[PDB]
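Before any questions on how it binds or moves, here is one chain, the form deposited in one PDB entry, in structure tokens.
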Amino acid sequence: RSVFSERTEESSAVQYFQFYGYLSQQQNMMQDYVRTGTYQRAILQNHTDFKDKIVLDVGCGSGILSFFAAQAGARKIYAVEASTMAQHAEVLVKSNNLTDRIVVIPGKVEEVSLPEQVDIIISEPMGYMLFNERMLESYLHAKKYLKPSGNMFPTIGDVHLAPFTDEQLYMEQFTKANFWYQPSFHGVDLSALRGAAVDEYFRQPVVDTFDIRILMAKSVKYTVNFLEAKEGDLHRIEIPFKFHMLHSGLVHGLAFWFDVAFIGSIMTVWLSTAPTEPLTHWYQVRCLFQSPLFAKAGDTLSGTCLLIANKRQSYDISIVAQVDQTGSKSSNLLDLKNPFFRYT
């Protein structure tokens, strides 16, 4: 029994932490130079926020962020990891002669017991589309250990939404589904499942990158302030949007990316997964409308993206959009846990 247990199916949690038990997956994230280098930059350039301070690292993995905190002069660093990677973190702590400064605590942050309050919390709780994995709630839950005057790195998270036009991406869904639209696949009529195949492909968010020229409006930003927010703020995330269309064409869906900021005493450092920036292992995410919407340049595309948390450490995505100047409407319902990885 715990906050984490109450909101997570056991079978999903098993798979989740088994994935993170692989050194090859730590390696995958560590080799993202944008990710790793930016975190190091944020921590070292704000050394005054760590010098002689007590630090909590939520989901430390192999422990890299704790080592960066140590490089910045932290007095003691509590590194919490629930996967079997905690085992390998301890090895690195000992081999790096930092047992006196880094204490690895295996287990879920919602279930471990820290001996004292901390001055600052560090973590990388961002999944793709920011909210996937539902680790932001564990990050916010860790604030029970934060001194009232404490900080958090990252301090805020911004998710960005923008309409896009990708005719080929849209038509690709039916090309795949039309496999079932044949009267004699080895003598079998498959056409009765074509509609089910279509619906299946449209429930999948598309994880990949794209040229920024497919965007047709300035993004809408939904900010999460990690210093102010509660866990409950992420169970239901309603993002209203009203896009001012910069280009005329067919809008096939919404594109998602996110930024996080490390607001330190000396400076603020930004880690962005935007399509205008170097690509990261988060890539970007696109959710198609079931039907495109024609929008003239200067029209307004209004609607709501509703993220409903589920017990599979992810969200169900409800998107409703319409062009105000025409009343043309579309929507879609997507399962963020099972996206289509389209990058080549």
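Rigid core here is just the name for the largest C-alpha set that superposes within 1.5 Å across the two forms. Sequential numbering from 1, following the sequence displayed.
Colleague: Which wins on mean Cα temperature factor, 192 to 200 or 73 to 81?
Modeller: Between 192 to 200 and 73 to 81, it is 73 to 81.
Colleague: As stated in the PDB record, which stretch has the larger average Cα B-factor, 318 to 326 or 331 to 339?
Modeller: Comparing 318 to 326 with 331 to 339, the higher average CA B-factor belongs to 318 to 326.
Colleague: Can you tell me which of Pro183, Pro148, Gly253, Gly127 has the highest Cα temperature factor in the record?
Modeller: Max CA B-factor in the entry, restricted to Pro183, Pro148, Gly253, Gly127: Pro148.
Colleague: Taking the values straight from the PDB record, which of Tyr39, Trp282, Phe289, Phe50 has the highest C-alpha temperature factor?
Modeller: Highest C-alpha B-factor among the listed residues goes to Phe50.
Colleague: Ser24's Cα B-factor: lowest, middle or highest third of the chain?
Modeller: For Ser24, whose C-alpha B-factor we compare with every modelled residue in the chain, the answer is the lowest third.
Colleague: Would you mind checking where the Cα B-factor of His247 ranks among the modelled residues of its chain, as the lowest, middle or highest third?
Modeller: Highest third - that is where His247 ends up once the chain's C-alpha B-factors are sorted.
Colleague: Which third of the chain holds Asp208 when residues are ordered by C-alpha B factor: lowest, middle or highest?
Modeller: According to the entry, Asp208 has a C-alpha B-factor in the chain's lowest third.
Colleague: Looking at the entry's B-factor column for C-alpha atoms only, identify whether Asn178 ranks in the lowest, middle or highest third of its chain.
Modeller: Within its chain, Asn178 is a lowest-third residue by C-alpha B-factor, going by the deposited values.
Colleague: In terms of the CA temperature factor given in the entry, to which third of its chain does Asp57 belong: lowest, middle or highest?
Modeller: Middle third.
Not pictured, yet referred to below: the form deposited in another entry.
Colleague: I want to make sure I read this right: if the two forms are fitted on their rigid core, which of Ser191, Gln87, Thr223, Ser113 has a C-alpha displacement of 2 angstroms or more between the shown form and the other one?
Modeller: Among the listed residues, the one whose C-alpha moves by 2 Å or more is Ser191.
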